[PDB]
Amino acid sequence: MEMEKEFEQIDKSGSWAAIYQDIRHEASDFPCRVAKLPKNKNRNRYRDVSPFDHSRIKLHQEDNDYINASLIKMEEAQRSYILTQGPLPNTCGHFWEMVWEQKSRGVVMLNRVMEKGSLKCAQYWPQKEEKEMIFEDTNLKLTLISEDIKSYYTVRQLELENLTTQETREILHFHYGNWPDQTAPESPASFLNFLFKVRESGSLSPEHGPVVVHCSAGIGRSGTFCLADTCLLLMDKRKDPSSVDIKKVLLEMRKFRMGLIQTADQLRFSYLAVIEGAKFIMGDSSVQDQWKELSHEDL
């Protein structure tokens, strides 16, 4: 409720840029010394996007434990996320080692491999059932089991095997197809339909490790996805939409990874998505089918 009154006041005053710049100014600044070591240069996709030392995910190998990935641990909401960059050709084994070690069940990919003429993420999962991937460095095998291709997103079932122990795990891949970099999703409905598909899969259960969320840099689209989810969860535990302070939640998330939400329009969209999602949280179950129909996911 209060977020909705704030939304209309910011909209009618045309001050989303100023509100967003305020968040940038107030955001935490913590050291990223490991990310900046010379030996880790080729493990970072972008020179200006690094994990903080205090929240970085450490790989369980004595050689080099570095991956560009951050644990966003939302204490009040009681949910954690791992936000990471799109893996590079040389860090795909590290990525799946992280998924294994952290016991994640879901990977949310919000970008395409090719965007705007450039390669934004390595092809880190197999595209054909009969062409499985072996990651020699980390001793992992990855097989495509099936995929469900909808109009704007795809859900894949993957099998991840630890070749040292022969244990296997099902990993769900939720792949958003039409959310461009530095933009907001096309509609709250299509975004919320996707978010609730991730939720319904069980991938966010506290019984599993944290869901892995990435785009190319792991901060813009990834931050928008996690901000909306966390705000809806906070509202859900209290059953009180007016108790959620979305800018405070975003500043809390930014204690764990720099730069989350990259444009003023992504911040504005986050308000829109949380305000709409609140209808479901507060007991209008029918609204979820409305999002699905407006999503045209079968067209």
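Residue numbers here begin at 1 and follow the sequence given.
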Quiz item: Comparing 232-240 with 55-63, which has the greater mean CA B-factor as deposited?
Solution: 55-63
Quiz item: Taking the recorded C-alpha temperature factors, which stretch has the higher mean, 80-88 or 158-166?
Solution: 158-166
Quiz prompt | Peak C-alpha temperature factor (PDB record), options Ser205, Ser216, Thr143, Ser104 | solution = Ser205
Exercise. Could you tell me which one of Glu75, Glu97, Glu115, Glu130 shows the highest CA temperature factor in the PDB record?
Key: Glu75
Self-check item: Relative C-alpha B-factor of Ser222, binned into the chain's lowest, middle or highest third
Solution: lowest
Practice problem: Within this chain's modelled residues, let me know which third the CA B factor of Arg47 belongs to: lowest, middle or highest. | Solution: middle
Quiz item: Hey, what third does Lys255 fall into on Cα B-factor, ranked over its chain?
Solution: lowest
Quiz item: Taking the entry's C-alpha B-factors for this chain, is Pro210 in the lowest, middle or highest third?
Solution: lowest
Quiz item: By the record's CA B-factor, is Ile134 among the lowest, middle or highest third of residues in the chain?
Solution: highest
